[PDB]
Amino acid sequence: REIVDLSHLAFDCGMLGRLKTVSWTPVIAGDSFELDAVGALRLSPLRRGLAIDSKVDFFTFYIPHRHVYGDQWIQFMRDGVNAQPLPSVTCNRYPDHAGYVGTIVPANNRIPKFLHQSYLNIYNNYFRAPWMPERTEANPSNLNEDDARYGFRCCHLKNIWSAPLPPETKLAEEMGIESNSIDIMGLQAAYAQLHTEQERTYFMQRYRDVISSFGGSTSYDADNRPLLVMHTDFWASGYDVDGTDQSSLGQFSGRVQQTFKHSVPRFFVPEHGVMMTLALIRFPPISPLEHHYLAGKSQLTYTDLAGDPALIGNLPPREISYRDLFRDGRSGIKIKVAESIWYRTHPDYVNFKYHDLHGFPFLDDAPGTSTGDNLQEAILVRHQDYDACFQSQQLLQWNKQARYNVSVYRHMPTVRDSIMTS
Amino acid sequence: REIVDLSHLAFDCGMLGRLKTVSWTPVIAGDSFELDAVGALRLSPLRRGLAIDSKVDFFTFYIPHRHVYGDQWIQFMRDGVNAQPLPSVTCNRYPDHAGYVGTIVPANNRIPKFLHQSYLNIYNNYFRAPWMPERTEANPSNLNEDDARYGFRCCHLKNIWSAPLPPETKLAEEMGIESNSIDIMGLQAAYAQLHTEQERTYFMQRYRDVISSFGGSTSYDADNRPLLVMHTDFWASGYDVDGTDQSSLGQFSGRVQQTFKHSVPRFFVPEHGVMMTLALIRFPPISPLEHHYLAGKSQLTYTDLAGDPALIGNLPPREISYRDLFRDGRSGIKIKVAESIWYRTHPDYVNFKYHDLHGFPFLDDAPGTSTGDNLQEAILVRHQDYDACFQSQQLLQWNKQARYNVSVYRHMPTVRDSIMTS
Amino acid sequence: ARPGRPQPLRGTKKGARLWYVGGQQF
Amino acid sequence: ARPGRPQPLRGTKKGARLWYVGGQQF
DNA sequence: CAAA
DNA sequence: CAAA
DNA sequence: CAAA
DNA sequence: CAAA
């Protein structure tokens, strides 16, 4: 059992809303993996001074090769020195089209499946809304321009419109009645049954959550889910550079630039696999076009304003449209919110005047205003919404430079032992 | 969280070599299951006095319904009150043809899959020789008379002939050579490679064992294996009943009759499933027809007798036939043993005279002497080999009566709460 | 392995109530 | 979140030997 | 995070 | 640096 | 039970 | 035994 120093530095960059891999390391069953990443994160030069900080999220997952390669892997390992070589997957014939999984597309335009499948699995088990279509892309070449290079899009920071109730949420439960009578005992079960359905719809869409519900547990191997080993996050701040020449004097450019550590406590790697670490930069969804729900309603009813408890706990959800939340709110986008939820949270305010001011990372256009009457598309972060405020994405929206200190104890003959025959 | 008393008694019986289920209890994710089984085990009346005791093995496994029902289960659970009802499997149109899984074939000749699949899984993951064909029987009706009623056969207690080296064991490794030269550096890898192959052949045929080999681990969910919760065992002794009448005076009948406890420490049931407990009675494979290997060899060589270390550690395995171990040893049965293994173990002796004495649980006929030149068939316990010594299998070879005290804490409304509407 | 000489089994007998039948039945 | 003002990254630098090249090479 |  |  |  |  000896130390293998896999420390290495990395220079990266990506688009706002998209999730990018920043460092992946292959591990072996028996490995004791430790990772201390430290460095600084920045964003392409801004147009004006600094407005608000971006929330940066770093993740480190562990994925058994078995999760990727399936039973085909168990054999690979079982057959040992005979095993049918594991198949690789395909990327498009472009260098960058492998980015989402932290690597340049190799000479042969094909990268190892575990990189690709892991990225998916990670995305489907933690980043997409449980109700959104599960990402299934077979190969890195079924991926489109933006995705393959920048990573999949993730959800905006949770707020009233970005974190609604799953669209298929029941708004009424019908129960069969005879013609002149009703089974009150049936009506009973009816409700109970509804309950089980809601419990699920609301927060138990994933198998594990259902089991946990009974007060049980589930190995990560049960539903084949990446293992979240470590998750840190922080706010990216910086400074303004002052203009000093005849015409620039009195102008300011914001240079976001935050240092940070992302430490992963010693971890025991039970089976051969990959340790993937990804980042995700986002800006809180501030919009000069959003207003308090109550300022929007035209006919203010008791059931709205009053905030009568008796009601708030027994009414069904409420279907409202983005129109109800933004002046330019797309009306075709319907979201189901919880009653009087506008009394459980206050929205951020931006004087309209910032509306057309190039340079602030605000949503100067009602969310999903150019994706169509599609909710999911509105909820996921459209990185173009930001092209506006950057002086020049020569390094995309953001970028970072960090040193990844990695120490791994493992059964490994010494290089000498490898090169020496006798 | 309340106590549910599932204590219950059971009266059973079965054939010698076969593995029978004695008590299965369904559990729910969240259940805390505890089992204390106590009772006595006996064997049908013997012909003569008692000769030797039988080793009784009790097992208690836990099998998630997920292992049985597959992804089809995850949905069942996910869909909740909608889920497509789980399918049952088929048994033959006979009451007893469900025995192996502790139950009378129900009115509709179909029992729940988890019972059947679990029995298989248990059998394939712990009872069959790793090299023997994996049991795959789809339904309890693909099972034959004996099996379905008595349980699958298991392996005789390990000895020189019942526990040989996997039949496909390499006896020589060939390496490609040019015509006048040999790559000594290649010859090197060649050996190494062989090693990995042997390591596997010998004791790493199962995926888990391979991983463990690297110094890793594997959830029971990784290779979908039953979880061995508890395993006890004991020797079944009893007494002789003396003959007292004119002709019986001086005769004796052996009444094996051993009491026993089989306790299972509190166990946390993470997912809905089954707790199955099975038993296995066997007699040590004593035969008046077996002899010391060395007494058999005709030409005693240094390499045999000497026991020279230098040799014993570097020679390849040895192929010998049952003929070499028994007088009536079937010569078509070839087993590969380890060199000088006859010096690492001494065989049991029975004066031939007991050869044709009805009443002793010995193998009065060389193992697998009526199954043909098939090794596996010789190794597995043929229960007919014993019909000979029992006065009357009115309750098969053995039988037992025990009380299974079971206490389970679980989220469970009270019967009142179930029957009361308001 | 338990020493004792084989005893016949007794009652199949705890938590809360199970059998509601209208009143007391022995 | 770490306070400091951004520093340029240094060396990619441990266990036993890795590079055999025939002798010493700087 | 069933603020079960 | 024979991580001999 | 790698009596690795 | 309202395990009210």
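Residue numbers (PDB author numbering), protein chains in the order written: chain F, 10 to 431; chain F', 10 to 431; chain J, 9 to 21, 25 to 37; chain J', 9 to 21, 25 to 37. A prime marks a further copy of an entry chain. Backbone N, C-alpha and C define an ideal beta-carbon position, used for all residues, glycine too.
Contact belief for residue i with residue j at Cβ below 8 Å, rounded distance in angstroms
i, j, result
"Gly-305 of chain F", "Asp-337 of chain F", "No, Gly-305 of chain F and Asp-337 of chain F are not in contact; Cβ-Cβ is about 13 Å, not under 8 Å."
"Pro-14 of chain J", "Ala-49 of chain F'", "4 Å"
"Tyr-395 of chain F", "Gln-406 of chain F", "6 Å"
"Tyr-78 of chain F", "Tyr-109 of chain F", "Going by Cβ atoms, the distance from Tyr-78 of chain F to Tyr-109 of chain F rounds to 20 Å, so no, they are not a contact pair."
"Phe-67 of chain F'", "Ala-245 of chain F'", "About 12 Å; that fails the 8 Å criterion."
"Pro-235 of chain F'", "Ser-127 of chain F'", "6 Å"
"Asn-408 of chain F", "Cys-163 of chain F", "With 8 Å as the limit, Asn-408 of chain F and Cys-163 of chain F do not qualify as a contact, their Cβ atoms being about 18 Å apart."
"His-165 of chain F'", "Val-390 of chain F'", "5 Å"
"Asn-101 of chain F'", "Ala-157 of chain F'", "7 Å"
"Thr-354 of chain F'", "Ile-169 of chain F'", "6 Å"
"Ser-228 of chain F'", "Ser-228 of chain F", "4 Å"
Any C-beta of chain F under 7 Å from that of residue i
i, result
"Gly-26 of chain J'", "yes"
"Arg-102 of chain F'", "no"
Partners in chain F for residue i, counting only beta-carbon separations shorter than 9 Å
i, result
"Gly-225 of chain F'", "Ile-37, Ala-38, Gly-39, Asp-40, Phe-277, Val-278, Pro-279, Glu-280, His-281"
Residue-chain proximity (residue i, chain J), Cβ-Cβ < 7 Å
i, result
"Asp-251 of chain F'", "no"
"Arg-264 of chain F'", "no"
"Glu-11 of chain F'", "yes"
Minimum Cβ-Cβ distance from residue i to chain F' less than 7 Å
i, result
"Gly-33 of chain J", "no"
"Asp-218 of chain F", "no"
"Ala-231 of chain F", "yes"
"residue 447 of chain F", "The structure shown does not extend to residue 447 of chain F, since chain F spans only 10 to 431, so no value can be given for it."
"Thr-430 of chain F", "yes"
Chain-ordered chain J contacts of residue i [CB-CB under 8 Å]
i, result
"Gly-48 of chain F'", "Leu-17"
"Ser-16 of chain F'", "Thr-20, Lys-21"
"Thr-423 of chain F'", "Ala-27, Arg-28"
Straight-line gap, residue i to residue j (C-alpha atoms, nearest Å)
i, j, result
"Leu-372 of chain F", "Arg-57 of chain F", "16 Å"
"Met-141 of chain F", "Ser-221 of chain F", "22 Å"
"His-76 of chain F", "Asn-134 of chain F", "13 Å"
"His-204 of chain F'", "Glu-143 of chain F'", "25 Å"
"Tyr-331 of chain F'", "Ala-138 of chain F'", "18 Å"
"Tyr-132 of chain F", "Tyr-200 of chain F'", "44 Å"
"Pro-35 of chain F'", "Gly-282 of chain F'", "6 Å"
"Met-86 of chain F", "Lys-25 of chain J'", "30 Å"
"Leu-25 of chain F", "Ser-53 of chain F", "11 Å"
"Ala-147 of chain F", "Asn-130 of chain F", "12 Å"
"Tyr-103 of chain F'", "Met-194 of chain F", "41 Å"
"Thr-380 of chain F'", "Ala-387 of chain F'", "7 Å"
"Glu-208 of chain F", "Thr-423 of chain F", "55 Å"
"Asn-360 of chain F'", "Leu-55 of chain F'", "20 Å"
"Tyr-211 of chain F", "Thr-178 of chain F", "8 Å"
Buried or exposed by the 16-neighbour rule on C-beta atoms within 10 Å, applied to residue i
i, result
"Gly-33 of chain J'", "exposed"
"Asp-357 of chain F", "exposed"
"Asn-323 of chain F'", "exposed"
"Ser-257 of chain F", "exposed"
"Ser-63 of chain F", "buried"
"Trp-30 of chain J'", "exposed"
"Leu-174 of chain F'", "buried"
"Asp-40 of chain F'", "buried"
"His-367 of chain F", "exposed"
"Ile-83 of chain F", "buried"
"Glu-299 of chain F'", "buried"
Chain-ordered neighbours of residue i on chain F', where CB pairs are closer than 9 Å
i, result
"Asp-192 of chain F", "None at all; the shortest Cβ gap to chain F' is about 10 Å."
CB contact check: residue i to chain J', cutoff 7 Å
i, result
"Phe-243 of chain F", "yes"
"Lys-64 of chain F", "no"
"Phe-371 of chain F", "no"
"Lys-270 of chain F", "yes"
"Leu-309 of chain F", "no"
"residue 432 of chain F", "It is not possible to answer for residue 432 of chain F, since the shown part of chain F is limited to 10 through 431."
Where residue i meets chain F, residues with beta-carbon distance less than 8 Å
i, result
"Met-86 of chain F'", "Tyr-216, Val-219, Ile-220"
"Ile-83 of chain F'", "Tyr-216, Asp-232"
Chain-ordered neighbours of residue i on chain F', where CB pairs are closer than 8 Å
i, result
"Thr-205 of chain F", "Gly-89, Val-90"
Partners in chain F' for residue i, counting only beta-carbon separations shorter than 7 Å
i, result
"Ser-228 of chain F", "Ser-228, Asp-230"
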